[PDB]
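J.: I am sharing structure_23.pdb, which consists of PDB, C-alpha atoms and all ligand atoms:
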ATOM      1  CA  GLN O   2      69.274 150.989 259.988
ATOM      2  CA  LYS O   3      68.673 150.690 256.247
ATOM      3  CA  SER O   4      70.720 152.663 253.763
ATOM      4  CA  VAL O   5      68.995 155.525 251.936
ATOM      5  CA  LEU O   6      68.952 153.217 248.856
ATOM      6  CA  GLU O   7      67.045 150.497 250.704
ATOM      7  CA  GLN O   8      64.628 153.033 252.228
ATOM      8  CA  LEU O   9      64.054 154.532 248.772
ATOM      9  CA  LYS O  10      63.131 151.124 247.348
ATOM     10  CA  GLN O  11      60.327 150.891 249.918
ATOM     11  CA  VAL O  12      58.448 153.860 248.361
ATOM     12  CA  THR O  13      59.793 154.199 244.842
ATOM     13  CA  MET O  14      60.650 151.833 241.992
ATOM     14  CA  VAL O  15      64.418 152.205 241.719
ATOM     15  CA  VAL O  16      65.733 152.018 238.167
ATOM     16  CA  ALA O  17      69.395 151.886 237.091
ATOM     17  CA  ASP O  18      70.432 154.353 234.396
ATOM     18  CA  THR O  19      73.270 152.572 232.645
ATOM     19  CA  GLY O  20      74.293 150.159 229.898
ATOM     20  CA  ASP O  21      76.891 148.480 232.186
ATOM     21  CA  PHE O  22      75.004 145.387 233.251
ATOM     22  CA  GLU O  23      77.747 144.189 235.561
ATOM     23  CA  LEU O  24      77.196 147.306 237.704
ATOM     24  CA  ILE O  25      73.423 146.781 237.840
ATOM     25  CA  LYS O  26      73.631 143.541 239.845
ATOM     26  CA  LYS O  27      74.903 145.163 243.013
ATOM     27  CA  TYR O  28      72.124 147.760 243.278
ATOM     28  CA  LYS O  29      69.298 145.368 242.502
ATOM     29  CA  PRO O  30      67.097 147.891 240.713
ATOM     30  CA  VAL O  31      63.700 146.758 239.409
ATOM     31  CA  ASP O  32      64.105 148.210 235.890
ATOM     32  CA  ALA O  33      66.995 149.683 233.895
ATOM     33  CA  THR O  34      67.308 152.401 231.257
ATOM     34  CA  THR O  35      69.927 152.903 228.536
ATOM     35  CA  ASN O  36      69.902 156.117 226.481
ATOM     36  CA  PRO O  37      72.136 156.632 223.394
ATOM     37  CA  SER O  38      74.810 158.373 225.475
ATOM     38  CA  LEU O  39      74.996 155.419 227.905
ATOM     39  CA  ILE O  40      75.123 152.870 225.043
ATOM     40  CA  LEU O  41      77.972 154.909 223.559
ATOM     41  CA  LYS O  42      79.807 154.997 226.897
ATOM     42  CA  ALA O  43      79.469 151.213 227.323
ATOM     43  CA  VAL O  44      80.773 150.574 223.802
ATOM     44  CA  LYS O  45      83.632 153.126 224.039
ATOM     45  CA  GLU O  46      84.974 151.882 227.376
ATOM     46  CA  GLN O  47      85.325 148.398 225.794
ATOM     47  CA  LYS O  48      84.215 146.306 228.762
ATOM     48  CA  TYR O  49      82.047 144.360 226.315
ATOM     49  CA  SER O  50      84.089 144.395 223.057
ATOM     50  CA  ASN O  51      83.513 140.661 222.477
ATOM     51  CA  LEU O  52      79.750 141.198 222.751
ATOM     52  CA  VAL O  53      80.065 143.977 220.146
ATOM     53  CA  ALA O  54      82.304 141.954 217.791
ATOM     54  CA  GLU O  55      79.940 138.971 218.053
ATOM     55  CA  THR O  56      76.937 141.207 217.313
ATOM     56  CA  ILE O  57      78.597 142.563 214.175
ATOM     57  CA  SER O  58      79.447 139.064 212.892
ATOM     58  CA  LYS O  59      75.921 137.771 213.595
ATOM     59  CA  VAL O  60      74.164 140.624 211.798
ATOM     60  CA  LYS O  61      76.412 140.369 208.727
ATOM     61  CA  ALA O  62      75.754 136.635 208.534
ATOM     62  CA  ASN O  63      72.005 137.074 208.742
ATOM     63  CA  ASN O  64      71.854 140.037 206.365
ATOM     64  CA  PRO O  65      73.868 139.303 203.183
ATOM     65  CA  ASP O  66      71.492 141.541 201.226
ATOM     66  CA  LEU O  67      72.274 144.803 203.080
ATOM     67  CA  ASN O  68      74.579 147.551 201.781
ATOM     68  CA  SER O  69      77.016 149.398 204.079
ATOM     69  CA  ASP O  70      74.590 152.050 205.409
ATOM     70  CA  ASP O  71      71.695 149.612 205.935
ATOM     71  CA  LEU O  72      73.995 147.055 207.553
ATOM     72  CA  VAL O  73      75.340 149.615 210.070
ATOM     73  CA  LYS O  74      71.776 150.624 211.003
ATOM     74  CA  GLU O  75      70.807 146.984 211.601
ATOM     75  CA  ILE O  76      73.982 146.421 213.700
ATOM     76  CA  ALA O  77      73.156 149.554 215.767
ATOM     77  CA  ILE O  78      69.746 148.089 216.613
ATOM     78  CA  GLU O  79      71.243 144.682 217.414
ATOM     79  CA  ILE O  80      73.767 146.342 219.783
ATOM     80  CA  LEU O  81      70.950 148.133 221.652
ATOM     81  CA  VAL O  82      69.154 144.816 221.976
ATOM     82  CA  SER O  83      72.302 142.877 222.974
ATOM     83  CA  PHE O  84      72.902 145.258 225.876
ATOM     84  CA  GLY O  85      69.230 145.074 226.835
ATOM     85  CA  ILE O  86      69.376 141.271 226.857
ATOM     86  CA  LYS O  87      72.398 141.243 229.196
ATOM     87  CA  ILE O  88      70.620 143.683 231.504
ATOM     88  CA  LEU O  89      67.456 141.548 231.529
ATOM     89  CA  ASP O  90      69.571 138.629 232.821
ATOM     90  CA  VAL O  91      70.267 140.552 236.031
ATOM     91  CA  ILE O  92      66.977 142.364 236.736
ATOM     92  CA  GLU O  93      63.422 141.278 237.430
ATOM     93  CA  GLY O  94      61.786 144.156 235.554
ATOM     94  CA  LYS O  95      62.037 145.956 232.244
ATOM     95  CA  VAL O  96      64.767 147.518 230.170
ATOM     96  CA  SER O  97      64.350 150.699 228.121
ATOM     97  CA  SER O  98      65.943 150.924 224.645
ATOM     98  CA  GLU O  99      65.895 154.213 222.766
ATOM     99  CA  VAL O 100      64.989 154.747 219.120
ATOM    100  CA  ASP O 101      67.423 156.569 216.874
ATOM    101  CA  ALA O 102      67.078 160.251 217.863
ATOM    102  CA  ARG O 103      67.250 161.176 214.192
ATOM    103  CA  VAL O 104      63.628 159.963 213.694
ATOM    104  CA  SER O 105      62.274 162.251 216.500
ATOM    105  CA  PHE O 106      60.175 164.335 214.101
ATOM    106  CA  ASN O 107      58.754 161.450 212.104
ATOM    107  CA  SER O 108      56.023 159.397 213.695
ATOM    108  CA  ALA O 109      56.040 156.792 210.956
ATOM    109  CA  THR O 110      59.779 156.070 211.125
ATOM    110  CA  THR O 111      59.615 156.158 214.916
ATOM    111  CA  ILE O 112      56.874 153.466 214.808
ATOM    112  CA  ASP O 113      58.920 151.344 212.411
ATOM    113  CA  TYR O 114      62.131 151.728 214.473
ATOM    114  CA  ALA O 115      60.272 150.817 217.692
ATOM    115  CA  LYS O 116      58.796 147.746 216.001
ATOM    116  CA  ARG O 117      62.228 146.694 214.697
ATOM    117  CA  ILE O 118      63.711 146.887 218.214
ATOM    118  CA  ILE O 119      60.816 144.803 219.544
ATOM    119  CA  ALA O 120      61.199 142.229 216.733
ATOM    120  CA  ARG O 121      64.924 141.857 217.467
ATOM    121  CA  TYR O 122      64.204 141.286 221.146
ATOM    122  CA  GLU O 123      61.576 138.656 220.210
ATOM    123  CA  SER O 124      63.959 136.949 217.753
ATOM    124  CA  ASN O 125      66.393 136.647 220.680
ATOM    125  CA  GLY O 126      63.759 135.077 222.939
ATOM    126  CA  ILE O 127      62.796 138.169 224.937
ATOM    127  CA  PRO O 128      59.060 138.904 225.096
ATOM    128  CA  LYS O 129      57.963 142.524 224.536
ATOM    129  CA  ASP O 130      56.537 142.712 228.060
ATOM    130  CA  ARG O 131      60.135 143.083 229.362
ATOM    131  CA  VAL O 132      60.895 146.094 227.175
ATOM    132  CA  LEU O 133      60.100 149.782 227.002
ATOM    133  CA  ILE O 134      60.811 151.707 223.819
ATOM    134  CA  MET O 135      62.219 155.115 224.678
ATOM    135  CA  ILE O 136      61.058 157.985 222.467
ATOM    136  CA  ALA O 137      61.730 161.719 222.684
ATOM    137  CA  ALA O 138      58.527 163.503 223.731
ATOM    138  CA  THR O 139      58.081 165.695 220.689
ATOM    139  CA  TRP O 140      54.538 165.771 219.317
ATOM    140  CA  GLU O 141      55.603 163.226 216.663
ATOM    141  CA  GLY O 142      57.059 160.917 219.332
ATOM    142  CA  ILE O 143      53.868 161.087 221.398
ATOM    143  CA  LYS O 144      51.729 160.325 218.314
ATOM    144  CA  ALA O 145      53.992 157.343 217.544
ATOM    145  CA  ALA O 146      53.712 156.164 221.160
ATOM    146  CA  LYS O 147      49.908 156.427 221.018
ATOM    147  CA  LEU O 148      49.885 153.891 218.172
ATOM    148  CA  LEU O 149      52.573 151.694 219.685
ATOM    149  CA  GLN O 150      50.643 151.457 222.975
ATOM    150  CA  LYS O 151      47.482 150.505 221.077
ATOM    151  CA  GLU O 152      49.511 147.659 219.562
ATOM    152  CA  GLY O 153      50.843 146.479 222.964
ATOM    153  CA  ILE O 154      54.311 148.044 222.837
ATOM    154  CA  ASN O 155      54.987 149.956 226.067
ATOM    155  CA  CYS O 156      56.812 153.234 225.741
ATOM    156  CA  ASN O 157      59.062 155.437 227.810
ATOM    157  CA  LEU O 158      58.520 159.059 226.776
ATOM    158  CA  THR O 159      61.766 160.832 227.495
ATOM    159  CA  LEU O 160      63.156 164.368 227.354
ATOM    160  CA  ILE O 161      60.141 165.697 229.292
ATOM    161  CA  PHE O 162      60.621 169.286 230.448
ATOM    162  CA  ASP O 163      57.089 170.687 230.657
ATOM    163  CA  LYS O 164      53.951 169.702 232.542
ATOM    164  CA  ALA O 165      51.696 170.096 229.500
ATOM    165  CA  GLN O 166      54.082 167.886 227.597
ATOM    166  CA  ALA O 167      53.738 165.242 230.320
ATOM    167  CA  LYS O 168      49.944 165.657 230.265
ATOM    168  CA  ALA O 169      49.808 164.942 226.522
ATOM    169  CA  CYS O 170      51.877 161.766 227.071
ATOM    170  CA  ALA O 171      49.410 160.575 229.690
ATOM    171  CA  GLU O 172      46.512 161.418 227.366
ATOM    172  CA  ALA O 173      48.153 159.106 224.784
ATOM    173  CA  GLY O 174      48.107 156.203 227.276
ATOM    174  CA  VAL O 175      51.887 155.859 227.447
ATOM    175  CA  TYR O 176      53.305 153.468 229.989
ATOM    176  CA  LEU O 177      55.885 155.791 231.505
ATOM    177  CA  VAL O 178      57.312 159.295 231.283
ATOM    178  CA  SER O 179      60.838 160.423 232.135
ATOM    179  CA  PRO O 180      60.756 164.045 233.308
ATOM    180  CA  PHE O 181      64.235 165.441 233.522
ATOM    181  CA  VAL O 182      65.430 167.039 236.726
ATOM    182  CA  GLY O 183      69.116 167.804 236.264
ATOM    183  CA  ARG O 184      68.939 169.463 232.867
ATOM    184  CA  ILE O 185      66.197 171.766 234.107
ATOM    185  CA  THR O 186      68.371 172.731 237.074
ATOM    186  CA  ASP O 187      71.278 173.213 234.655
ATOM    187  CA  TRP O 188      69.186 175.792 232.750
ATOM    188  CA  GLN O 189      68.237 177.498 235.985
ATOM    189  CA  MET O 190      71.875 177.742 237.064
ATOM    190  CA  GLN O 191      73.112 178.987 233.699
ATOM    191  CA  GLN O 192      70.364 181.670 233.586
ATOM    192  CA  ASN O 193      71.917 183.452 236.521
ATOM    193  CA  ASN O 194      75.427 182.032 236.477
ATOM    194  CA  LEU O 195      74.765 180.254 239.730
ATOM    195  CA  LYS O 196      77.815 178.404 240.950
ATOM    196  CA  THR O 197      76.040 176.409 243.642
ATOM    197  CA  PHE O 198      72.917 174.296 243.390
ATOM    198  CA  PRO O 199      69.705 175.918 244.501
ATOM    199  CA  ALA O 200      67.980 174.953 247.719
ATOM    200  CA  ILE O 201      65.727 171.942 247.037
ATOM    201  CA  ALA O 202      62.554 174.023 247.497
ATOM    202  CA  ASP O 203      63.831 176.307 244.737
ATOM    203  CA  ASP O 204      65.205 173.627 242.410
ATOM    204  CA  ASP O 205      63.276 174.018 239.122
ATOM    205  CA  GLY O 206      64.054 170.416 238.137
ATOM    206  CA  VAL O 207      62.788 168.873 241.362
ATOM    207  CA  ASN O 208      59.756 171.154 241.247
ATOM    208  CA  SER O 209      58.936 170.106 237.683
ATOM    209  CA  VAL O 210      58.723 166.407 238.668
ATOM    210  CA  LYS O 211      56.718 167.320 241.770
ATOM    211  CA  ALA O 212      54.189 169.207 239.618
ATOM    212  CA  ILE O 213      53.887 166.318 237.107
ATOM    213  CA  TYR O 214      53.388 163.842 239.945
ATOM    214  CA  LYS O 215      50.706 166.041 241.546
ATOM    215  CA  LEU O 216      48.913 166.375 238.186
ATOM    216  CA  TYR O 217      48.997 162.644 237.499
ATOM    217  CA  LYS O 218      47.713 161.584 240.872
ATOM    218  CA  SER O 219      44.950 164.203 241.104
ATOM    219  CA  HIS O 220      43.777 163.385 237.549
ATOM    220  CA  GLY O 221      44.097 159.621 237.983
ATOM    221  CA  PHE O 222      46.533 159.160 235.093
ATOM    222  CA  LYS O 223      48.073 155.667 235.336
ATOM    223  CA  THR O 224      51.242 156.550 233.438
ATOM    224  CA  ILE O 225      54.349 155.994 235.638
ATOM    225  CA  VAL O 226      56.252 159.133 236.571
ATOM    226  CA  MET O 227      60.000 158.362 236.528
ATOM    227  CA  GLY O 228      62.333 161.185 237.489
ATOM    228  CA  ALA O 229      65.507 161.115 235.398
ATOM    229  CA  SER O 230      68.665 163.213 234.865
ATOM    230  CA  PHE O 231      70.249 163.790 238.208
ATOM    231  CA  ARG O 232      73.162 166.065 239.061
ATOM    232  CA  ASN O 233      73.522 165.009 242.661
ATOM    233  CA  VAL O 234      72.163 162.688 245.256
ATOM    234  CA  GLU O 235      70.184 165.480 246.997
ATOM    235  CA  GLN O 236      67.945 165.819 243.911
ATOM    236  CA  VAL O 237      67.138 162.075 244.029
ATOM    237  CA  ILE O 238      66.441 162.142 247.783
ATOM    238  CA  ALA O 239      64.141 165.174 247.245
ATOM    239  CA  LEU O 240      61.891 162.970 245.063
ATOM    240  CA  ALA O 241      61.568 159.997 247.423
ATOM    241  CA  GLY O 242      58.045 158.628 246.978
ATOM    242  CA  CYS O 243      57.932 159.279 243.224
ATOM    243  CA  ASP O 244      56.576 156.288 241.263
ATOM    244  CA  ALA O 245      60.055 155.590 239.914
ATOM    245  CA  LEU O 246      63.456 157.211 239.682
ATOM    246  CA  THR O 247      66.176 156.232 237.194
ATOM    247  CA  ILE O 248      69.594 156.809 238.721
ATOM    248  CA  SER O 249      73.210 156.503 237.633
ATOM    249  CA  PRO O 250      75.479 153.885 239.147
ATOM    250  CA  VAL O 251      77.495 156.666 240.861
ATOM    251  CA  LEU O 252      74.400 158.060 242.575
ATOM    252  CA  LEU O 253      73.070 154.609 243.415
ATOM    253  CA  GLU O 254      76.422 153.983 245.161
ATOM    254  CA  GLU O 255      76.099 157.272 247.028
ATOM    255  CA  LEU O 256      72.591 156.266 248.200
ATOM    256  CA  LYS O 257      73.824 152.801 249.208
ATOM    257  CA  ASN O 258      76.540 154.369 251.382
ATOM    258  CA  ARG O 259      74.324 156.864 253.225
ATOM    259  CA  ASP O 260      72.267 155.745 256.198
ATOM    260  CA  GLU O 261      70.367 158.765 257.447
ATOM    261  CA  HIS O 262      66.598 158.847 257.601
ATOM    262  CA  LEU O 263      64.944 159.266 254.207
ATOM    263  CA  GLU O 264      62.052 161.721 254.335
ATOM    264  CA  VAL O 265      59.335 160.536 251.913
ATOM    265  CA  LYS O 266      58.233 163.665 250.075
ATOM    266  CA  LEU O 267      55.827 162.461 247.370
ATOM    267  CA  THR O 268      52.755 160.644 248.669
ATOM    268  CA  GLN O 279      42.222 166.747 225.068
ATOM    269  CA  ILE O 280      45.487 168.594 224.324
ATOM    270  CA  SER O 281      45.498 169.033 220.543
ATOM    271  CA  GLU O 282      48.660 169.301 218.439
ATOM    272  CA  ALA O 283      48.194 173.082 218.209
ATOM    273  CA  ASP O 284      47.629 173.280 221.988
ATOM    274  CA  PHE O 285      50.777 171.210 222.641
ATOM    275  CA  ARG O 286      52.957 173.299 220.358
ATOM    276  CA  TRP O 287      51.676 176.519 221.904
ATOM    277  CA  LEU O 288      52.330 175.326 225.472
ATOM    278  CA  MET O 289      55.856 174.115 224.647
ATOM    279  CA  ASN O 290      56.551 177.429 222.910
ATOM    280  CA  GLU O 291      55.616 179.292 226.057
ATOM    281  CA  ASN O 292      58.367 177.401 227.932
ATOM    282  CA  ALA O 293      61.766 178.736 226.825
ATOM    283  CA  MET O 294      63.671 176.148 228.819
ATOM    284  CA  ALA O 295      61.590 173.221 227.529
ATOM    285  CA  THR O 296      61.861 174.384 223.903
ATOM    286  CA  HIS O 297      65.655 174.619 224.152
ATOM    287  CA  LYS O 298      66.235 171.468 226.232
ATOM    288  CA  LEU O 299      64.064 169.109 224.179
ATOM    289  CA  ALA O 300      65.825 170.237 221.006
ATOM    290  CA  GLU O 301      69.243 170.036 222.670
ATOM    291  CA  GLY O 302      68.497 166.510 223.971
ATOM    292  CA  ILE O 303      67.709 165.278 220.475
ATOM    293  CA  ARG O 304      70.860 166.945 219.073
ATOM    294  CA  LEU O 305      73.069 165.423 221.766
ATOM    295  CA  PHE O 306      71.669 161.919 221.474
ATOM    296  CA  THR O 307      72.031 162.204 217.692
ATOM    297  CA  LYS O 308      75.730 163.050 218.034
ATOM    298  CA  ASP O 309      76.202 159.970 220.259
ATOM    299  CA  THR O 310      74.311 157.707 217.839
ATOM    300  CA  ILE O 311      76.477 158.982 214.957
ATOM    301  CA  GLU O 312      79.605 158.255 217.030
ATOM    302  CA  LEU O 313      78.319 154.715 217.710
ATOM    303  CA  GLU O 314      77.749 154.290 213.955
ATOM    304  CA  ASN O 315      81.309 155.437 213.324
ATOM    305  CA  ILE O 316      82.601 152.839 215.811
ATOM    306  CA  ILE O 317      80.535 150.120 214.102
ATOM    307  CA  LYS O 318      81.905 151.189 210.713
ATOM    308  CA  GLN O 319      85.489 150.904 211.952
ATOM    309  CA  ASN O 320      84.808 147.349 213.125
ATOM    310  CA  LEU O 321      83.175 145.933 209.973
TER     311      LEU O 321
HETATM  312  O1  LIG N   1      65.345 159.255 230.931
HETATM  313  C1  LIG N   1      66.132 158.311 230.982
HETATM  314  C2  LIG N   1      65.621 156.907 230.909
HETATM  315  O2  LIG N   1      64.232 156.932 231.134
HETATM  316  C3  LIG N   1      67.602 158.484 231.201
HETATM  317  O3  LIG N   1      68.344 157.525 230.418
HETATM  318  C4  LIG N   1      68.011 159.933 230.899
HETATM  319  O4  LIG N   1      68.352 160.084 229.507
HETATM  320  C5  LIG N   1      69.182 160.331 231.769
HETATM  321  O5  LIG N   1      68.783 160.183 233.132
HETATM  322  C6  LIG N   1      69.637 161.765 231.470
HETATM  323  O6  LIG N   1      70.703 162.173 232.335
HETATM  324  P1  LIG N   1      71.684 163.393 231.929
HETATM  325  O7  LIG N   1      72.133 163.017 230.542
HETATM  326  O8  LIG N   1      70.797 164.618 232.019
HETATM  327  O9  LIG N   1      72.748 163.399 233.009
END
Write the structure described by the file as C-alpha cells, please.
T.:
Amino acid sequence: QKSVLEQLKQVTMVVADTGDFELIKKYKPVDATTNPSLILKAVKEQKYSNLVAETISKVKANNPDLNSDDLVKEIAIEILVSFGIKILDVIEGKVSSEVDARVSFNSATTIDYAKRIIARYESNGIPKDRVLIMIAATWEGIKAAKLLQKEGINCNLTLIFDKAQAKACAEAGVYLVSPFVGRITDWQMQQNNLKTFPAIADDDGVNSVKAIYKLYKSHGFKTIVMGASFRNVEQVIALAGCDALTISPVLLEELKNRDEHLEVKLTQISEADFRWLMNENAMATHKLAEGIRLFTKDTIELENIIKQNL
C-alpha cells in the first residue's frame, strides 16, 4: 500500500518547491523550483549562512571592478546559482532559478539576466540542460522566453493565471508553465469572504489547471503543465495525473504520510490579443501584478541582507 506521494509519482512528475536542499532528499522529487520568496526564506533562516558568506567572498574576489550596487546584483545571482547547485546534487532532474522580478516588463533585460544565470551555472560546472529560468508570464517575459528557447535555454513561465496566457506561452515554445492554483483560490475566497475552501469541483484554482491541461493535450502543445501554489494537500491530490506538480516540503510530507487510494483525475495570439484577454480576467490582472510586486519585495530584502554582509 503505497503512500499518496508514491502513487502520485507514478502519474505525475513530482517537483519540490523549496530552496532547502536538505529537505529535498527525503521526498526524492524529479525536479525542484526556487522562487524569490523561497530563496529569501532559505537565506533568512540561516541554515546555509556559510554558503552565503562564501558566495559573497568569491564574488568580491572575482569582481574587483564592480561598485556597491553592481556587486550586490552579481552576488544575488551567485546566491541563486549556489542554491541551485546544492539542489542539483540531490536530484536527478532540473532546478528552476528565477530572474529578478524587477525586469518583468523588459524583455531585453530579462534575456540578459537569464543568460547571466546560465553563464554562472556553466562557470560552476553545471550544464544548462539541468536548469530552467523562471520568468513571470507577462507579455515581455513570454517574448524573452521565445528568444531564450530559440537559443537553447529552457524556461519556466510562472505566475500563470489565465488560459490564454498559458496558450501564448505554449505558442512561444516554452519548456514549462507554472499555473497557480492556490492564489486563484485565494481570490475566489476573498471575493465572497469564504472562510472554508470550496469543494474541489468548484475550486477556481484547480479548475484553471484542469482547463490548461485540457487545452494543451487537445492541441498537442508539448509544453509541460506544472501546477504550482498550493494551499492544502486536497488541491494537489485533485490534480493527480497533471504533467508535473511543484509542491512545498510541508505538503510533500502530508502526501508521504497518507496512504489512501489516489484517484488519477487528469489523463497566433498577438500582443494586442494577449493584453485584451488578460484585461478581461480581473483576477489574472490583479494576481500577476501582485506576484511581481511580492517577489520584488523579497528580492529587495535579499539585497538588503547581502548589503549587511559585505
Ligand atoms: O511556480 C513555482 C515554480 O515553478 C513556485 O515556486 C511558485 O512560485 C509557488 O508554488 C507559489 O506558491 P505561493 O507563493 O502561492 O504559496
J.: Can you list what the PyMOL selection byres (((chain O and resi 83) around 10) and not hetatm) grabs from this structure, as a list in words?
T.: residues 52, 53, 55, 56, 77, 78, 79, 80, 81, 82, 84, 85, 86, 87, 88, 89, 121, 122 and 125 of chain O
J.: Let me see if you get this right: every residue at most 8 Å from ligand LIG 1 (chain N), counting all atoms listed in the file, written as a VMD selection string.
T.: chain O and resid 18 to 19 33 to 39 97 135 157 to 160 178 to 184 227 to 232 247 to 249
J.: With C-alpha atoms retained, could you export that selection as a short mmCIF file (atom, residue, chain, number, x, y, z; two decimals), keeping the file's coordinate frame?
T.:
data_model
loop_
_atom_site.label_atom_id
_atom_site.label_comp_id
_atom_site.auth_asym_id
_atom_site.auth_seq_id
_atom_site.Cartn_x
_atom_site.Cartn_y
_atom_site.Cartn_z
CA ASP O 18 70.43 154.35 234.40
CA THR O 19 73.27 152.57 232.64
CA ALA O 33 67.00 149.68 233.90
CA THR O 34 67.31 152.40 231.26
CA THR O 35 69.93 152.90 228.54
CA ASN O 36 69.90 156.12 226.48
CA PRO O 37 72.14 156.63 223.39
CA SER O 38 74.81 158.37 225.48
CA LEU O 39 75.00 155.42 227.90
CA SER O 97 64.35 150.70 228.12
CA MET O 135 62.22 155.12 224.68
CA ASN O 157 59.06 155.44 227.81
CA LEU O 158 58.52 159.06 226.78
CA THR O 159 61.77 160.83 227.50
CA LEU O 160 63.16 164.37 227.35
CA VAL O 178 57.31 159.29 231.28
CA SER O 179 60.84 160.42 232.14
CA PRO O 180 60.76 164.04 233.31
CA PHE O 181 64.24 165.44 233.52
CA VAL O 182 65.43 167.04 236.73
CA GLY O 183 69.12 167.80 236.26
CA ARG O 184 68.94 169.46 232.87
CA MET O 227 60.00 158.36 236.53
CA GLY O 228 62.33 161.18 237.49
CA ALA O 229 65.51 161.12 235.40
CA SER O 230 68.67 163.21 234.86
CA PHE O 231 70.25 163.79 238.21
CA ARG O 232 73.16 166.06 239.06
CA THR O 247 66.18 156.23 237.19
CA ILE O 248 69.59 156.81 238.72
CA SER O 249 73.21 156.50 237.63
#
J.: Kindly indicate which residue among O:213, O:146, O:31, O:95 lies nearest to residue 109 (chain O), using only C-alpha atoms for the distances.
T.: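 Smallest distance to residue 109 (chain O) is found for O:146.
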J.: Could you tell me which residues the PyMOL selection byres (((chain O and resi 64-75) around 12) and not hetatm) returns for this structure, as a ChimeraX atom specification?
T.: /O:56-63,76-82,100-101,103,114,117-118,120-121,310-321
J.: From the options O:246, O:294, O:15, O:300, which residue's atoms come nearest to residue 188 (chain O), counting only C-alpha atoms?
T.: O:294
J.: Can you measure CA of residue 242 (chain O) to CA of residue 223 (chain O) for me? One decimal in Å is fine.
T.: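 Separating CA of residue 242 (chain O) from CA of residue 223 (chain O) is a distance of 15.6 Å.
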J.: So, counting all atoms listed in the file, which residue among O:243, O:161, O:251, O:115 is closest to residue 140 (chain O)?
T.: O:161
J.: Kindly resolve the PyMOL selection byres (((chain O and resi 9) around 10) and not hetatm) on the present coordinates and return the residues as a list in words.
T.: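 Written out, the selection comes to residues 3, 4, 5, 6, 7, 8, 10, 11, 12, 13, 14, 15, 237, 238, 240, 241, 242, 243, 245, 246, 256, 257, 263, 264 and 265 of chain O.
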J.: Could you name the residues that touch residue 220 (chain O) at 12 Å or less, counting only C-alpha atoms, but leaving out those on the same chain fewer than 4 positions away, as an MDAnalysis selection string?
T.: chainID O and resid 168 171:172 213:216 224
J.: I'd like the interatomic distance between CA of residue 144 (chain O) and CA of residue 127 (chain O), to a tenth of an Å.
T.: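 CA of residue 127 (chain O) lies 25.6 Å from CA of residue 144 (chain O).
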J.: Which value, in Å to one decimal, gives the distance between CA of residue 112 (chain O) and CA of residue 17 (chain O)?
T.: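 Interatomic distance, CA of residue 112 (chain O) to CA of residue 17 (chain O): 25.6 Å.
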J.: So which one's closest to residue 293 (chain O), O:305, O:259, O:162, O:205? Using all atoms listed in the file, please.
T.: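 The answer is O:162, which sits nearest to residue 293 (chain O).
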J.: Would you please work out which residue, of O:96, O:201, O:165, O:267, is nearest to residue 292 (chain O) when using all atoms listed in the file?
T.: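 Nearest to residue 292 (chain O): O:165.
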J.: Using only C-alpha atoms for the distances, tell me which of O:177, O:226, O:91, O:169 is nearest to residue 284 (chain O).
T.: O:169
J.: Around all listed atoms of region 97-101 of chain O, padded 5 Å per side, what centre and edge lengths does the axis-aligned box have in Å to one decimal, as JSON?
T.:
{"center_x": 65.9, "center_y": 153.6, "center_z": 222.5, "size_x": 13.1, "size_y": 15.9, "size_z": 21.2}
